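A.B. asks:
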Amino acid sequence: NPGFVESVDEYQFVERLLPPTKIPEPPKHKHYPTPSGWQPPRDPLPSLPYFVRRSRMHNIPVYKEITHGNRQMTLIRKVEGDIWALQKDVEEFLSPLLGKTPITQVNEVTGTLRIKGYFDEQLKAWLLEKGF
Amino acid sequence: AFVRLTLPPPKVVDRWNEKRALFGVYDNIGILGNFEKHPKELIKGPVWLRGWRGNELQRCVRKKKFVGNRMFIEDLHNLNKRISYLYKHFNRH
Amino acid sequence: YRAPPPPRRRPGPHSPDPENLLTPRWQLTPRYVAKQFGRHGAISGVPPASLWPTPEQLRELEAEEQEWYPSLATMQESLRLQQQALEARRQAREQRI
Amino acid sequence: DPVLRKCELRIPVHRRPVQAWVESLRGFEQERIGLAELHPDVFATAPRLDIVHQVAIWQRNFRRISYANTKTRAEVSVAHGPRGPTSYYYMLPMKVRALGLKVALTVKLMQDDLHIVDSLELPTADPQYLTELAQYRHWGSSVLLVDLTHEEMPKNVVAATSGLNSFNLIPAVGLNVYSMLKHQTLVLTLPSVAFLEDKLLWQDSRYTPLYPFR
Amino acid sequence: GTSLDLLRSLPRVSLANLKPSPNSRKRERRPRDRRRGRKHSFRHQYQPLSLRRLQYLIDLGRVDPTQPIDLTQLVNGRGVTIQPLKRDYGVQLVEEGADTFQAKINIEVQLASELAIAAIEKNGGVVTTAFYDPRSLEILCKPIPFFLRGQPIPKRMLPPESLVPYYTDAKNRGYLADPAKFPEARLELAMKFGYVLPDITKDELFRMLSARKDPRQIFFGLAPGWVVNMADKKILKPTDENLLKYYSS
Numbered sequence: 035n036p037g038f039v040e041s042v043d044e045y046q047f048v049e050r051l052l053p054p055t056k057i058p059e060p061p062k063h064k065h066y067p068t069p070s071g072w073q074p075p076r077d078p079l080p081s082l083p084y085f086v087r088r089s090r091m092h093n094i095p096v097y098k099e100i101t102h103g104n105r106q107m108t109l110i111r112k113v114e115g116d117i118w119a120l121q122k123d124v125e126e127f128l129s130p131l132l133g134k135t136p137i138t139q140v141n142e143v144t145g146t147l148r149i150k151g152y153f154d155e156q157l158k159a160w161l162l163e164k165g166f
Numbered sequence: 032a033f034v035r036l037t038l039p040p041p042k043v044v045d046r047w048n049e050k051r052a053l054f055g056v057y058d059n060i061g062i063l064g065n066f067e068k069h070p071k072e073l074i075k076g077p078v079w080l081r082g083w084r085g086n087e088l089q090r091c092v093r094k095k096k097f098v099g100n101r102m103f104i105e106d107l108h109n110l111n112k113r114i115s116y117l118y119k120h121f122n123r124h
Numbered sequence: 025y026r027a028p029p030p031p032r033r034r035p036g037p038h039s040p041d042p043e044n045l046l047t048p049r050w051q052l053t054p055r056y057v058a059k060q061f062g063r064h065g066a067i068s069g070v071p072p073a074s075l076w077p078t079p080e081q082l083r084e085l086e087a088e089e090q091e092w093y094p095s096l097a098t099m100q101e102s103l104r105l106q107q108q109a110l111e112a113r114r115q116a117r118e119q120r121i
Numbered sequence: 045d046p047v048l049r050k051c052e053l054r055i056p057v058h059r060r061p062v063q064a065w066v067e068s069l070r071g072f073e074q075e076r077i078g079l080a081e082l083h084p085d086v087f088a089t090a091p092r093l094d095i096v097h098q099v100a101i102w103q104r105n106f107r108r109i110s111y112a113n114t115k116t117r118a119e120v121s151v152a153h154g155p156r157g158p159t160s161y162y163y164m165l166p167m168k169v170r171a172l173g174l175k176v177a178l179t180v181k182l183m184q185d186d187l188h189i190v191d192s193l194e195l196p197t198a199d200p201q202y203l204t205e206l207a208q209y210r211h212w213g214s215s216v217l218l219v220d221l222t223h224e225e226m227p228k229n230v231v232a233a234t235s236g237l238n239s240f241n242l243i244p245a246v247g248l249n250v251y252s253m254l255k256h257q258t259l260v261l262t263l264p265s266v267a268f269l270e271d272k273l274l275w276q277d278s279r280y281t282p283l284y285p286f287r
Numbered sequence: 009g010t011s012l013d014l015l016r017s018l019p020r021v022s023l024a025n026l027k028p029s030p031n032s033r034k035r036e037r038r039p040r041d042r043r044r045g046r047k086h087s088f089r090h091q092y093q094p095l096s097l098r099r100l101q102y103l104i105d106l107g108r109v110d111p112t113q114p115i116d117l118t119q120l121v122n123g124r125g126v127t128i129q130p131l132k133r134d135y136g137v138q139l140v141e142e143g144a145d146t147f148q149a150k151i152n153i154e155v156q157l158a159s160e161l162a163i164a165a166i167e168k169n170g171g172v173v174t175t176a177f178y179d180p181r182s183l184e185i186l187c188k189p190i191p192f193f194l195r196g197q198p199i200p201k202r203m204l205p206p207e208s209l210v211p212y213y214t215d216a217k218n219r220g221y222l223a224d225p226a227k228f229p230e231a232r233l234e235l236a237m238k239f240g241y242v243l244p245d246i247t248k249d250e251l252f253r254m255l256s257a258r259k260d261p262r263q264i265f266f267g268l269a270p271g272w273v274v275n276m277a278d279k280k281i282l283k284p285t286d287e288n289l290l291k292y293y294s295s
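The listed protein sequences derive, respectively, from chains g, i, q, F and M.
The deposited numbering applies: residue 35 is where the first sequence begins, and numbers increase by one.
The deposited numbering applies: residue 32 is where the second sequence begins, and numbers increase by one.
The deposited numbering applies: residue 25 is where the third sequence begins, and numbers increase by one.
With the deposited numbering applied, the fourth sequence covers 45 to 121, 151 to 287.
With the deposited numbering applied, the fifth sequence covers 9 to 47, 86 to 295.
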């Protein structure tokens with residue numbers, strides 16, 4: 035006489051508890067931007083020579099970085115296409131706001147651009163205008 | 032000094048032999064095997080350093096613990112004396 | 025040349041030999057037997073009824089529960105006593121000051 | 045009837061698919077029988093050869109164990154000589170290792186050193202036929218043959234590849250950067266390409282592993 | 009991509025061609041020549095989840111809106127990082143993000159802010175607090191491992207007398223709170239903000255939202271003392287009367 039009875043009815047909870055391995059794609063929303071502020075990449079995408087892809091989390095690949103404890107920096111990594119064209123536009127956009135030509139170093143090997151100072155907010159808004 | 036008056040015998044090396052040609056195969060067992068077996072599991076050598084690395088003192092200490100029950104009395108005593116000298120240098124100087 | 029067959033870990037339950045001197049003690053414990061059931065369940069062959077505590081084990085657990093783990097009613101009484109002590113302390117402070 | 049293959053996963057919209065000529069080993073002139081599509085995120089990655097360089101060093105030096113030893117003055121019946158067995162094992166990041174394999178695939182394809190084949194089956198097991206076909210198709214001196222699983226690999230290929238020093242046959246799980254670099258040209262079966270893409274494309278997302286997957 | 013055009017023209021690379029990346033390796037000094045010749087535990091380690099952090103999870107669909115918010119689902123969704131070695135004992139929220147988090151959903155958190163409770167209730171969500179033992183919570187986060195061990199589902203523990211007042215408090219919305227006060231309490235919270243109280247009963251999914259497990263019950267799906275047929279992907283229920291006495295004890 036077994037001391038246990040087996041039923042499949044309540045196993046639905048166990049199935050739910052199973053761990054996921056791949057992040058699901060964001061769900062479609064009736065109205066954009068989302069109340070938090072998230073908005074998927076603008077459509078149609080821009081036809082510029084350089085394409086900036088979103089992160090795996092579908093976020094803008096802009097990171098604020100500080101080195102030596104005194105040098106504020108912002109880095110764009112997922113740049114596809116002509117990095118030089120992006121730098122020219124970035125230099126033009128930031129020169130008025132910054133008040134002078136921004137000081138930047140281009141790492142073409144890694145396809146990354148480093149800019150002194152924190153300007154992610156303005157660039158992130160500007161990137162949205164480009165349609166990325 | 033004085034040097035050899037004759038050349039050493041010629042050596043021929045086969046770069047496409049089975050060992051060299053197939054060296055490294057299955058090194059991607061983890062990614063290509065669903066990570067069921069970690070590549071560290073493919074390390075062949077002394078038991079106390081399979082999948083582990085450390086400095087000489089750590090290696091010697093790990094060796095003593097792993098095979099201390101199988102270590103010779105003469106070897107165990109010698110290892111202890113060597114460890115004593117090593118311990119003072121690293122942990123006091 | 026053709027590469028050798030890929031290395032594969034053997035699946036399925038494996039029972040260590042209790043008599044063997046080399047086998048470690050912890051691999052012969054009931055926890056190891058319970059581990060075998062968890063991995064393969066029925067394929068392990070461990071009777072599920074054995075997994076539950078034995079009657080002698082049950083009695084020990086009951087004593088521990090009563091001895092160290094208070095019930096809600098006991099907890100509620102303790103709160104009332106602490107409140108009464110706190111109430112007395114408040115009254116003592118007021119009259120003193 | 046052309047053999048047409050499409051990427052199972054969704055290719056990025058901004059990236060067009062990569063394509064290559066499907067081949068068969070049944071006949072000498074069966075060079076082209078179909079056209080297949082390759083995921084750009086796998087076969088059109090950036091040419092970052094330093095990762096390939098690092099992977100090669102990691103592959104060679106993670107198995108390295110040196111048994112050189114010398115006795116010090118206290119052990120004499151070398152002041153700074155080798156002391157006992159030494160290990161050089163280290164682990165590169167999982168993401169980097171996957172990227173290194175991806176970079177190698179692009180290099181072979183862009184350099185016309187990768188040959189996609191429907192199946193490895195051969196009309197005969199004679200090693201002469203395999204070598205001659207490589208000459209006809211202008212393959213490199215060393216050709217690497219990859220199959221999905223070791224158990225199901227054709228018998229005819231095994232006899233020829235086993236007896237050929239410069240033509241080596243390995244299973245899909247055994248693929249590595251070192252062999253691809255060591256071998257002039259790479260031969261990949263269609264199922265192997267799908268098998269490789271899944272693991273490489275699966276790497277997306279993190280959901281960090283709270284415990285080993287063993 | 010003109011870079012690809014460079015790749016196709018270039019000849020096949022070889023093993024010897026491999027070269028270390030610039031600046032990858034620094035120089036090393038060796039004595040070969042004259043160069044180197046000569047010379086709090088008792089207090090729960092509450093881990094908060096911000097309302098702004100809460101909002102994006104709903105926005106991204108990381109946690110299913112239909113399913114009530116559950117700590118395990120957050121663990122499954124990697125919302126927060128909990129280390130048993132850190133011995134985290136509590137879960138709470140961050141006051142930040144009140145005005146960027148407009149959503150209503152049923153949720154249970156070990157600790158909830160009094161102000162936050164009303165705001166989500168104002169939206170229409172249902173919030174309560176339950177006590178999970180730190181050892182039990184670690185088991186809860188990782189259900190599969192104890193199944194491998196063979197351990198059965200135990201009864202959920204209760205808070206120590208130090209934390210009993212918090213859970214028993216009606217305003218705290220703990221499972222130890224008196225249900226009779228909840229109708230009165232819910233109205234009071236509505237008046238505090240002044241918003242018109244939306245009755246939970248009106249909601250179509252009221253029973254799903256309002257469902258709560260027993261204090262002894264760790265899992266709403268699985269009653270305490272239960273067993274799971276992991277091999278058969280099924281749930282096993284003990285049929286021994288003495289086991290019921292064991293659970294009663």
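We treat Cβ as the ideally placed atom computed from N, Cα and C, and that holds for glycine.
(1) Given that a residue counts as buried once 16 or more other Cβ atoms are within 10 Å of its Cβ, and exposed if not, what is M254 of chain M?
(2) Spell out the partners DSSP gives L48 of chain F in its beta bridges.
(3) Relative to the alpha-carbon of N218 of chain M, which residue among M:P189, M:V172, M:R195 has its alpha-carbon at the smallest distance?
(4) Mind listing, in chain order, the continuous alpha helix (DSSP H) runs of no fewer than 4 residues lying wholly within the region 187-235 of chain F?
(5) Taking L14 of chain M as the reference, which of F:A64, F:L48, F:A90 has the closest Cα?
(6) Taking contact to mean at least 3 C-beta pairs separated by less than 8 Å, is the region 155-166 of chain M in contact with the region 233-253 of chain M?
(7) Using a Cβ cut-off of 7 Å, pull out every chain M residue sitting near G37 of chain g, in sequence order please.
(8) Skipping 5 residues on each side, what residues in its chain have a beta carbon closer than 8 Å to that of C51 of chain F?
(9) Which value, in whole angstroms, describes the spacing of the CA atoms of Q106 of chain g and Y152 of chain g?
(10) What residue does the beta strand (DSSP E) around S96 of chain M start on, and which one ends it?
(11) Give me, in chain order, the residues of the same chain whose beta-carbon lies closer than 6 Å to that of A198 of chain F; leave out the 5 immediate sequence neighbours on both sides.
(12) Kindly indicate if chain M contains any beta-carbon less than 8 Å away from that of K168 of chain F.
(13) Does DSSP put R105 of chain g in a helix, in a strand, or in coil?
(14) Can you tell me which of the three DSSP states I60 of chain i falls into?
(15) Below 8 Å on the Cβ atoms is my guess for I151 of chain M versus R202 of chain M; work out the distance and round it to an integer in Å.
(16) From which residue to which residue does the alpha helix (DSSP H) around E91 of chain q run?
(17) How would you list, in chain order, the residues of chain F whose beta-carbon sits under 7 Å from the beta-carbon of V274 of chain M?
(18) Are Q91 of chain M and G125 of chain M touching if we call contact CB-CB under 8 Å?
(19) Could you work out which residues of chain q lie near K68 of chain i, taking near to mean beta carbons separated by less than 9 Å?
(20) Within 8 Å, do at least three Cβ pairs link the region 96-114 of chain M to the region 18-34 of chain M?
(21) Kindly list, in the order they appear in chain q, the residues whose Cβ is closer than 8 Å to that of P198 of chain M.
(22) Run down chain C in chain order and give the residues with a C-beta less than 8 Å from the C-beta of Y93 of chain q.
(23) Of all the residues that make up the region 218-252 of chain F, which are near chain i by a beta-carbon distance shorter than 9 Å?
(24) Going by alpha carbons, who is nearest to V113 of chain g out of g:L51, g:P83, g:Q156, g:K56?
(25) Between g:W72, g:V140, g:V143, g:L157, which has its C-alpha nearest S129 of chain g's C-alpha?
(26) I need the straight-line Cα distance from residue 66 of chain M to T262 of chain F, nearest angstrom please.
(27) Kindly list, in the order they appear in chain q, the residues whose Cβ is closer than 7 Å to that of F193 of chain M.
(28) So what's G65 of chain q in DSSP terms, helix, strand or just coil?
(29) Using a Cβ-Cβ distance cut-off of 8 Å, determine whether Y25 of chain q contacts chain F.
(30) Which of the residues in the region 43-55 of chain i, read from start to end, lie with their CB under 7 Å from any CB of chain q?
(31) Is the region 61-73 of chain F in contact with the region 94-109 of chain F, if contact means three or more CB pairs nearer than 8 Å?
(32) Among the candidates M:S295, M:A277, M:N288, whose CA atom is the shortest distance from the CA of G37 of chain g?
(33) Take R33 of chain M as the anchor and find which of F:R49, F:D94, F:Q63, F:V57 has the nearest alpha-carbon.
(34) Figure out for me which residue from M:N122, M:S29, M:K47 has the closest Cα to the Cα of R50 of chain g.
(35) Based on Cα-Cα distance, which residue from i:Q89, i:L38, i:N122, i:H69 lies nearest to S160 of chain F?
(36) Please decide whether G213 of chain F counts as near chain i, where near means a Cβ-Cβ distance under 8 Å.
C.D. replies: For this structure:
(1) By the neighbour-count rule (16 or more Cβ atoms within 10 Å), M254 of chain M is not buried but exposed.
(2) Partner(s): F:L79.
(3) M:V172
(4) Complete alpha helix (DSSP H) runs here, min 4: 200-209, 228-235.
(5) F:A90
(6) Output reads yes: the region 233-253 of chain M touches the region 155-166 of chain M.
(7) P284, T285, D286
(8) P61, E81, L82, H83, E270
(9) Their Cα atoms are separated by approximately 6 Å.
(10) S96 of chain M -> beta strand (DSSP E) spans 92-96.
(11) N229, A232, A233
(12) By this cut-off, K168 of chain F is not an interface position.
(13) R105 of chain g falls in the strand class under three-state DSSP.
(14) In this structure, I60 of chain i counts as helix in the three-state DSSP scheme.
(15) The pair is not a contact, with the Cβ atoms about 23 Å apart (cut-off 8 Å).
(16) 79-92
(17) Neighbours of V274 of chain M on chain F: none; closest Cβ ~19 Å, over 7 Å.
(18) no
(19) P31, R32, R33
(20) no
(21) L75, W76
(22) Structure shown: chain C not included; protein chains present are g, i, q, F and M.
(23) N238, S239, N241, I243, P244, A245, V246, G247, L248, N249, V250, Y251, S252
(24) The alpha carbon of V113 of chain g has as its nearest neighbour, out of g:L51, g:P83, g:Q156, g:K56, the alpha carbon of g:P83.
(25) g:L157
(26) The structure shown gives no position for residue 66 of chain M: in chain M, residue numbering passes from 47 to 86 with nothing in between.
(27) Proximity of chain q to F193 of chain M at the Cβ level (cut-off 7 Å) is accounted for by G62, in chain order.
(28) helix
(29) yes
(30) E49, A52, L53
(31) By the Cβ rule, the region 61-73 of chain F does not count as touching the region 94-109 of chain F, because fewer than three pairs are nearer than 8 Å.
(32) M:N288
(33) Looking at the Cα atoms, F:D94 is the closest of the given residues.
(34) Of the candidates M:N122, M:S29, M:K47, the one whose C-alpha sits nearest the C-alpha of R50 of chain g is M:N122.
(35) i:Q89
(36) no
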